[PDB]
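Peer 1: Next up is a structure, given as structure tokens.
Laboratory data are not the source of any read-out in this text; all were calculated from the coordinates shown. Note that we place each Cβ from the backbone using ideal geometry, even for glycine, and neighbour counts take in every protein chain shown.
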Ligand SMILES: CSC[C@H]1O[C@@H](n2cnc3c(N)ncnc32)[C@H](O)[C@@H]1O
Ligand SMILES: CSC[C@H]1O[C@@H](n2cnc3c(N)ncnc32)[C@H](O)[C@@H]1O
Ligand SMILES: [Zn+2]
Ligand SMILES: [Zn+2]
């Protein structure tokens, strides 16, 4: 197995990676800090400015707090609108200020716990994802990578959205064939 | 649900990725019947579109096939393991210089290629070329199928650009063929 791409050495895709540029930026809030089937790591392959943090219940990192409170960005929590309280601001599109998409990586019981017990995210708006936009990139819950492609298209980053789609498709195919 | 041109599930269609190459060598596929997706001889035509294919016949060979294996513009070779040749049969381990090579492939199952090798009087005066398969290492590829053999022959003839192009195309097909199988 390759160590960079985690695919068996006969199926390495590291030679095919070509990054794209986007006005949007991603922040990965990880619960365990990686398994080969985790799709959030594919985002950094196409957008190397992606930042990642290990989630902590008691003591959040000072690097993380300085980012979500940086007025340069318009931060927003990416989580389905059904899970939000009646007073929580919910939006359906990313507004001038470049978005900072905060993803909650992990299984659904863990992403719910991260959503419910992080006081530093409670004043941020929630963005509900229009997954219908995956049709324009010929893609069919939905993993962290598929949601990211929809967000890039929602913000006008078509070049980066198309790139992540071909890279994600390239990975899924070599992953299935590696099981054979 | 399956693409008609590449014979893979439409979600794994690779037709948009095909880029042809150019080579001094030419291929002639002698086939036993008409297609199963795991048959690899068609990948050669994707990268070298001047490939010609004929249906084998025990009684009446075609005149397009007979005129081509007697056209003195080419140097024709029967691609077959030398172990099955008569002791008087000329055997070679490299394509000669000058005249461009014309590789005659016997595509089918090993009982079918053996029958064609013995019952074709129009092929018996031609030399048998023995393929050097260790050349597949230069293309990161590990008997073998028809397409794998053709990559070696291209390398023996000095057509490295086309040998590499067919290398990617073969790996692409095999990867997407295994994935859609699961
Ligand atoms: C493996 S959990 C997938 C993650 O992607 C994001 N996500 C997935 N589906 C949705 C959705 N329908 N709406 C908003 N965010 C989502 C959330 O960050 C979630 O924790
Ligand atoms: C019978 S299907 C195998 C295909 O690979 C070719 N092939 C496999 N091994 C050899 C070999 N050792 N010498 C020549 N052709 C071979 C065959 O001629 C046919 O095209
Ligand atoms: Zn790799
Ligand atoms: Zn196709």
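Peer 1: Among (1) surrounded by 15 or more Cβ atoms within 10 Å (Cβ to Cβ); (2) more than 18 Å from residue A:27 (Cβ to Cβ), there is one condition residue A:135 misses while meeting the rest; what is its number?
Peer 2: Condition (1) is where residue A:135 drops out.
Peer 1: Is it the case that some residue within region A:144-151 is within 14 Å of chain B (Cβ to nearest Cβ), in contact with a helix residue (DSSP H, G or I) (Cβ under 7 Å, 6 or more places away or on another chain) and either on the phi > 0 side of the Ramachandran plot or surrounded by 18 or more Cβ atoms within 10 Å (Cβ to Cβ) (or both)?
Peer 2: No, region A:144-151 contains no residue that is within 14 Å of chain B (Cβ to nearest Cβ), in contact with a helix residue (DSSP H, G or I) (Cβ under 7 Å, 6 or more places away or on another chain) and either on the phi > 0 side of the Ramachandran plot or surrounded by 18 or more Cβ atoms within 10 Å (Cβ to Cβ) (or both).
Peer 1: In addition: Out of region A:1-21, which residues are more than 14 Å from chain B (Cβ to nearest Cβ) and either within 16 Å of ligand 2 (Cβ to nearest atom) or farther than 16 Å from residue A:166 by Cα (or both)?
Peer 2: Listed by number, the residues that qualify are A:1, A:3, A:4, A:6.
Peer 1: Which members of region A:26-38 meet the condition of being touching a helix residue (DSSP H, G or I) at 6+ places or on another chain (Cβ under 9 Å) and surrounded by fewer than 18 Cβ atoms within 10 Å (Cβ to Cβ)?
Peer 2: Correct list: A:31, A:32, A:34, A:36, A:37, A:38.
Peer 1: Can I ask one more? Going by what's in this entry, would residue B:47 be described as within 12 Å of residue B:173 (Cα to Cα), more than 14 Å from chain A (Cβ to nearest Cβ), away from ligand 2 (no atom under 14 Å from the Cβ) and surrounded by 13 or more Cβ atoms within 10 Å (Cβ to Cβ)?
Peer 2: On the way: within 12 Å of residue B:173 (Cα to Cα): no; more than 14 Å from chain A (Cβ to nearest Cβ): yes; away from ligand 2 (no atom under 14 Å from the Cβ): yes; surrounded by 13 or more Cβ atoms within 10 Å (Cβ to Cβ): yes.
So residue B:47 does not fit the description; no.
Peer 1: Test each condition in (1) within 19 Å of the chain's Cα centre (by Cα); (2) surrounded by 11 or more Cβ atoms within 10 Å (Cβ to Cβ) for residue A:88 and report the one that comes out false.
Peer 2: In the conditions (1) within 19 Å of the chain's Cα centre (by Cα); (2) surrounded by 11 or more Cβ atoms within 10 Å (Cβ to Cβ), residue A:88 misses (1) alone.
Peer 1: Quick one: would you say residue B:83 is surrounded by fewer than 11 Cβ atoms within 10 Å (Cβ to Cβ), within 14 Å of chain A (Cβ to nearest Cβ) and at negative phi?
Peer 2: no
Peer 1: Identify the residue in region A:95-128 that is surrounded by 19 or more Cβ atoms within 10 Å (Cβ to Cβ) and part of a loop (DSSP other than H, G, I, E, B) and, among all such residues, is nearest to ligand 3 (Cβ to nearest atom).
Peer 2: A:106
Peer 1: Could you tell me whether residue B:131 is under 21 Å from residue B:107 (Cβ atoms), touching a strand residue (DSSP E or B) at 6+ places or on another chain (Cβ under 8 Å), away from chain A (no Cβ under 14 Å) and part of a helix (DSSP H, G or I)?
Peer 2: Criteria not met by residue B:131.
Peer 1: From the list B:166, B:154, B:136, which residue is in a helix (DSSP H, G or I), closer than 25 Å to residue B:90 by Cβ and more than 11 Å from ligand 2 (Cβ to nearest atom)?
Peer 2: When all the criteria are applied, what remains is B:154.
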